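Structure first, then comments.
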Amino acid sequence: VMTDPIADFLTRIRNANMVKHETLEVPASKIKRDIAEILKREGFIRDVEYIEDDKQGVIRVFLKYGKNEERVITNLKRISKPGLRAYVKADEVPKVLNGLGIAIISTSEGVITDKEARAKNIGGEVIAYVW
Amino acid sequence: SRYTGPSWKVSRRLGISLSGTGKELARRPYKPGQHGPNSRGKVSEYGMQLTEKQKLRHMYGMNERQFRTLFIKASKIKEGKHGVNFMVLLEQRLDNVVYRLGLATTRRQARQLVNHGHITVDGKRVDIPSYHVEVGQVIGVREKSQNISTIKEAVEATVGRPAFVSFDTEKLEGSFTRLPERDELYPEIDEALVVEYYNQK
Amino acid sequence: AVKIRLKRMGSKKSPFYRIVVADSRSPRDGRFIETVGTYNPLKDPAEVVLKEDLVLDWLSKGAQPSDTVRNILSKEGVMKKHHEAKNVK
Amino acid sequence: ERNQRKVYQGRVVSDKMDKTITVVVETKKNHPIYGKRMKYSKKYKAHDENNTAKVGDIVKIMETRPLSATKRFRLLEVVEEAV
Amino acid sequence: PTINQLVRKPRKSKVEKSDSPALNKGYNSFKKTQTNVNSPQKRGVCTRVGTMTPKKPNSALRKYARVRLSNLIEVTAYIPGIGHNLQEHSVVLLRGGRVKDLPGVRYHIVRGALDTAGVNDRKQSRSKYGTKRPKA
Amino acid sequence: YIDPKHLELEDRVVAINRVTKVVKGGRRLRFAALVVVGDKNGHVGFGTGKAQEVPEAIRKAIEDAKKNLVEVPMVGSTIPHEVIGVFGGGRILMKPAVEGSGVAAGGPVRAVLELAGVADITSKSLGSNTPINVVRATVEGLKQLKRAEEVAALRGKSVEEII
RNA sequence: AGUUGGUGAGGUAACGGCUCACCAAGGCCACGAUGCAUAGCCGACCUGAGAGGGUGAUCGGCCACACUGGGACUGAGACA
RNA sequence: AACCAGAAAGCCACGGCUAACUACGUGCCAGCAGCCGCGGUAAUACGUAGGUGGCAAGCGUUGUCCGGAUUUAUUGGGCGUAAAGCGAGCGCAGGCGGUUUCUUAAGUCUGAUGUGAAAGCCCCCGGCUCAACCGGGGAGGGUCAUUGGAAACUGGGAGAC
Numbered sequence: 002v003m004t005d006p007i008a009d010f011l012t013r014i015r016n017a018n019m020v021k022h023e024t025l026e027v028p029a030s031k032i033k034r035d036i037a038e039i040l041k042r043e044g045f046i047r048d049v050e051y052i053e054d055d056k057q058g059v060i061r062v063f064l065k066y067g068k069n070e071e072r073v074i075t076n077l078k079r080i081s082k083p084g085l086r087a088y089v090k091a092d093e094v095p096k097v098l099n100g101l102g103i104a105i106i107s108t109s110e111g112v113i114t115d116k117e118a119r120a121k122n123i124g125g126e127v128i129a130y131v132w
Numbered sequence: 002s003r004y005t006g007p008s009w010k011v012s013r014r015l016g017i018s019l020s021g022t023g024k025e026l027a028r029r030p031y032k033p034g035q036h037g038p039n040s041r042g043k044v045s046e047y048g049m050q051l052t053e054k055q056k057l058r059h060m061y062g063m064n065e066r067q068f069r070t071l072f073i074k075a076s077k078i079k080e081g082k083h084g085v086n087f088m089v090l091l092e093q094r095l096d097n098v099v100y101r102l103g104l105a106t107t108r109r110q111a112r113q114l115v116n117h118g119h120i121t122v123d124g125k126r127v128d129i130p131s132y133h134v135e136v137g138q139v140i141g142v143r144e145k146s147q148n149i150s151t152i153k154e155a156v157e158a159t160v161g162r163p164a165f166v167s168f169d170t171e172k173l174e175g176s177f178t179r180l181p182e183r184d185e186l187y188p189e190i191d192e193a194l195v196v197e198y199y200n201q202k
Numbered sequence: 002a003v004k005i006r007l008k009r010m011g012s013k014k015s016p017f018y019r020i021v022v023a024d025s026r027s028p029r030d031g032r033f034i035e036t037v038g039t040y041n042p043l044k045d046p047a048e049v050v051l052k053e054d055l056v057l058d059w060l061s062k063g064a065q066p067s068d069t070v071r072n073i074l075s076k077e078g079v080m081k082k083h084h085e086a087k088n089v090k
Numbered sequence: 004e005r006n007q008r009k010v011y012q013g014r015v016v017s018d019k020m021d022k023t024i025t026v027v028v029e030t031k032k033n034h035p036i037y038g039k040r041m042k043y044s045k046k047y048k049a050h051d052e053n054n055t056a057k058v059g060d061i062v063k064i065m066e067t068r069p070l071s072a073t074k075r076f077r078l079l080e081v082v083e084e085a086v
Numbered sequence: 002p003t004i005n006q007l008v009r010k011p012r013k014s015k016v017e018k019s020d021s022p023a024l025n026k027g028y029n030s031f032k033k034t035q036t037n038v039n040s041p042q043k044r045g046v047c048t049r050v051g052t053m054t055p056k057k058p059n060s061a062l063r064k065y066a067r068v069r070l071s072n073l074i075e076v077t078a079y080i081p082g083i084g085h086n087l088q089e090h091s092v093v094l095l096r097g098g099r100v101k102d103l104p105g106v107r108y109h110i111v112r113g114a115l116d117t118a119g120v121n122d123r124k125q126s127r128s129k130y131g132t133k134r135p136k137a
Numbered sequence: 003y004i005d006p007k008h009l010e011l012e013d014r015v016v017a018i019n020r021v022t023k024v025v026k027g028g029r030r031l032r033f034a035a036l037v038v039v040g041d042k043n044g045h046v047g048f049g050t051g052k053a054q055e056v057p058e059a060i061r062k063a064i065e066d067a068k069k070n071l072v073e074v075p076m077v078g079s080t081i082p083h084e085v086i087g088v089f090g091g092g093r094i095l096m097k098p099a100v101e102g103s104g105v106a107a108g109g110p111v112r113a114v115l116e117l118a119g120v121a122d123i124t125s126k127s128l129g130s131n132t133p134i135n136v137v138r139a140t141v142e143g144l145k146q147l148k149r150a151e152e153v154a155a156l157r158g159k160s161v162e163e164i165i
């Protein structure tokens, strides 16, 4: 039973990153598209396009590789998995690798990064890291 | 006591300049005891740190118990470095203002003169050896009888007047000049094994 | 029967008091209601440091200072201003 | 009203006793060591006048004064009743 | 394990023992109660004294004494040194510490701390064994 | 990468072992040491050899050790971020520190860190404690260490919006 | 099994099964009731990177006890 | 205030961990030991000798509590062979859940207000000729309590695929 879709999306990104090819096909929905836009404007993704007929997605992911076959996104893991929910206040917001990565926080205004979160004094639920 | 020997058998085993080349070397560097004419093995890295601590203990004569507290408060800056600022704070002692400036000759002249109370500072008689002297504090030498010639016998052979504390002669005024570094006050070597000995002490 | 009085806080031979308002049932150094000023026994003249919006508004509530506390707080003429100014009515 | 009481919501389990219902308020806490959202329940006993509510109604109640052998709140308002 | 399996299990612990269980008096007066009484040392009376042989690989005659204490429990003990001030039927005060090569004993007595006296020649380690320093 | 033997060196012997091989009749026995080599400015390496005497064995270990050199990127004489390295049981935790706070690291890892030019660091062994795998896991962890200009230049964005 | 609710009366500094007289059989429990064993509670103290672990003697606050167990009186206030 | 350095220094270990030695009579007995282990002409483990080596009226030993112990692992562990997937299935209670519109706002974050006694541990500044004593400030004492907002996520209601 597919009891969490977000972890499926993140493991699909890691499995596509590990064996090093360029495309990815995800049966998708609204929160997946929103974190895709977060990563796109933060540039961990090279590009995205959107193809939907009537059903889950799909979002096609155009991964990013370096100019000498190196990989720019190195790990990716969830925080508030369904069963142990995790909530972080506005002055407990983490700063990963001394700010070298980012973190996805579903604030009360929506889904933003950590810098925009600390620039508004809003905590919220942390979805996942990426660095 | 704060001294338990001739300071010659004890300072033989160390054999260091003590400290800023205040030189007393006649026949230091050969080995103490009656293992002396024979050889000895290598030194563990615990033993080197031990000899570093015992070097900085028979120099002054002070305690463990105040070294810790004087070591803690150099993090009052909170944008800077600890043991360097500790080396700063380690020489604002009322004994250290005597020695490293030019108020008298030696550290034991400082401590013996400030063990019974034969100095005055700032307005009244004092006796405290470890006084945290700060900026602009005229430290005297018991001005009620400071014009005995042995005081001015002590002032003339100057230890050194760096840019950390200045000196005046006519009144024995010493005032903290600028914020120094390591390279000026005790150039420049011995810090490393002491702070290693007090990390998991 | 509230009663503003002293509270001894010395070391061994050198005391230091604080003028404090406490019920008479309470012990010498037990609880109180609030600390209204203080007084070194030593170093005459030792200061009566106050907000003095408390004494004027506290004897008017109804309280009785003891021997030492009244006979040093009379140096600001506190209740004489007050029962002088009960003619305001 | 110069001082407020505390009013609680909840629903009704059983009211077989005269002039008396049973109100369950309900929320979720955390474990003190671990972290998931455990849920639990209480059973108050509130005083009612003349058989207003029934089984399954969301009702709300107010802290009153000691009214009986521990039934201590007063009913306010039948809000949402089903059959 | 997982999370709500750790919620409905208490996640227990690994309760320690002691090493000297006759220094915790399971009382004998009035109504013969239990401990409140974590002690550094006890006393008692000897009931037989002799010697026994150690384990592998040693070969000697290790001297012992069996002493019943105030708390009505009997534990064997070891006697140290050459020449002893604690013998048959006296007060004897106990340390806590196990001698390895001997089986079935885990206390040895202090000696120089009662009626007993102590050292004769160890002028460097004279803390042990009970006797004041020759002051020259 | 083709490692130049043109900067200075500095040495520290981590541990030696007397190691046997039982053959017919007697027992062969050999010494084997373990020496890290660095310049304390950002090029440190290690190596080992074996012989039947200590000075020849440590000569062979130094001669092995001059063929491996590592970047160890720095900022403010301190690690950029958190590093957890794993190699066969060597979980080694490392973390940036405050200026002047020293080195918090035991025997076979202080010899690595001090001989590279780091003075503000914490470390803790976690798992294996045999001295070979500790050093290999240390260099395995430091190999994973990233760099500010690297990450700022990887994505199409620039530096100073990520600091 | 005065256990849970209702009606009425008494009593108390006042509400109330607190106590009586009558009527109906209610109430609590896996979210651990009832039972056995240990223990006064807190500001705090020691320790640790921290999460925590251990302790409740000096000084301050509350509760409870006067050889053991009952019971009232005087008194604003005690079941002293 | 007249005169003195006289009146006025202590204690345990040295085979490895353990920095901190060498040598002499003792001879698998007498003995030592926190762990590893020492004793049959050597004990560099009994006595002697100088030393050596440690804090500043102390120094060893016993007992108890926390650390090192990621050796109950939430932060922070595992189950092919090392301890460890029930012999296997059916299922009450419980845990957890596909996509979407509207809606409540229990959980969520945040503004303001009230309190978290005094003394402690902190920090700054004074006196106590330096330990100890007091003074004024602040995070410090909440999973707190009331009042006002968000509907991104999970609960709840109405529907849709």
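Residue numbers (the authors' numbering), protein chains in the order written: chain h, 2 to 132; chain d, 2 to 202; chain p, 2 to 90; chain q, 4 to 86; chain l, 2 to 137; chain e, 3 to 165. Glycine included, each C-beta is placed from N, C-alpha and C at the ideal position.
Exposure label - residue i; buried when at least 16 CB within 10 Å
i	result
residue 133 of chain h	Here chain h covers residues 2 to 132 and nothing more, so residue 133 of chain h does not appear.
p/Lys-87	exposed
p/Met-10	exposed
l/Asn-72	buried
e/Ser-160	exposed
q/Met-41	exposed
l/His-109	buried
Simplified DSSP assignment, three categories, for residue i
i	result
residue 250 of chain d	Limits of chain d in this structure are 2 at one end and 202 at the other, which puts residue 250 of chain d out of reach.
e/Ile-134	helix
e/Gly-87	strand
e/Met-96	strand
d/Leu-180	coil
h/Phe-10	helix
p/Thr-69	helix
d/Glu-154	helix
d/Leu-51	helix
d/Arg-58	helix
h/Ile-103	strand
d/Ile-73	helix
Say whether the stretch 71–88 of chain l touches the stretch 54–61 of chain l, bearing in mind that this needs 3 or more beta-carbon pairs closer than 8 Å, one atom from each stretch.
-> Touching, no.
If you measure beta-carbon to beta-carbon, which residues of the stretch 26–41 of chain q are closer than 7 Å to chain h?
-> Cβ contacts with chain h come from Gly-38, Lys-39, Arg-40.
Every unbroken beta strand (DSSP E) inside the stretch 37–67 of chain h [3 residues or more] = Taking only runs of at least 3 residues, the beta strand (DSSP E) segments lying wholly in the stretch 37–67 of chain h are 48–51, 60–63.
Selection of the stretch 88–109 of chain e by Cβ proximity to chain d, strictly under 7 Å = Listed by position, the residues of the stretch 88–109 of chain e near chain d (Cβ gap below 7 Å) are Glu-101, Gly-102, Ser-103, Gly-104, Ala-106.
At a cut of 8 Å, does the stretch 121–133 of chain e reach the stretch 96–105 of chain e through at least three beta carbon pairs?
-> Verdict: yes, contact present.
In chain order, each alpha helix (DSSP H) run of at least 4 residues that lies wholly inside the stretch 24–61 of chain p = The DSSP assignment places no complete alpha helix (DSSP H) segment of no fewer than 4 residues inside the stretch 24–61 of chain p.
Output the residue ranges of the beta strand (DSSP E) runs that lie fully inside the stretch 91–130 of chain d and measure 3 residues or longer, sorted by chain position.
-> The stretch 91–130 of chain d contains these whole beta strand (DSSP E) runs: 120–122, 125–127.
In the stretch 83–115 of chain d, which residues sit with their C-beta less than 8 Å from some C-beta in chain e, listed in chain order?
-> For the stretch 83–115 of chain d, which is checked against every Cβ of chain e, the residues closer than 8 Å are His-83, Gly-84, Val-85, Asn-86.
Would you call the stretch 66–74 of chain h and the stretch 18–34 of chain h touching, i.e. three or more CB-CB distances under 8 Å?
-> Yes, the stretch 66–74 of chain h is in contact with the stretch 18–34 of chain h.
Contact the stretch 103–122 of chain d vs the stretch 68–82 of chain d: 3+ CB pairs below 8 Å = In short, these stretches do not touch, since the Cβ pair count stays below three.
So does the stretch 32–42 of chain e actually touch the stretch 78–95 of chain e, counting three or more Cβ pairs closer than 8 Å?
-> Put simply, the stretch 32–42 of chain e does not touch the stretch 78–95 of chain e. Fewer than three CB pairs are less than 8 Å apart.
State whether the stretch 83–90 of chain d contacts the stretch 31–38 of chain p, with contact taken as three or more CB pairs (one from each stretch) at a distance under 8 Å.
-> No, they do not touch.
Any residues in the stretch 128–139 of chain d with a beta carbon nearer than 9 Å to a beta carbon of chain e? Which ones, in chain order?
-> From the stretch 128–139 of chain d, no residue has a Cβ closer than 9 Å to chain e.
Cβ contact check for the stretch 64–83 of chain p and the stretch 16–33 of chain q: 3 or more pairs under 8 Å = No, the stretch 64–83 of chain p is not in contact with the stretch 16–33 of chain q.
Is there contact between the stretch 150–162 of chain d and the stretch 98–105 of chain d, where contact requires at least three CB pairs shorter than 8 Å?
-> Yes: the two stretches touch, three or more of their Cβ pairs being nearer than 8 Å.
Members of the stretch 78–101 of chain h that neighbour chain e once the beta carbon cut-off is set at 7 Å | Of all residues in the stretch 78–101 of chain h, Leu-98, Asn-99, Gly-100, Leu-101 have a Cβ within less than 7 Å of some Cβ in chain e.
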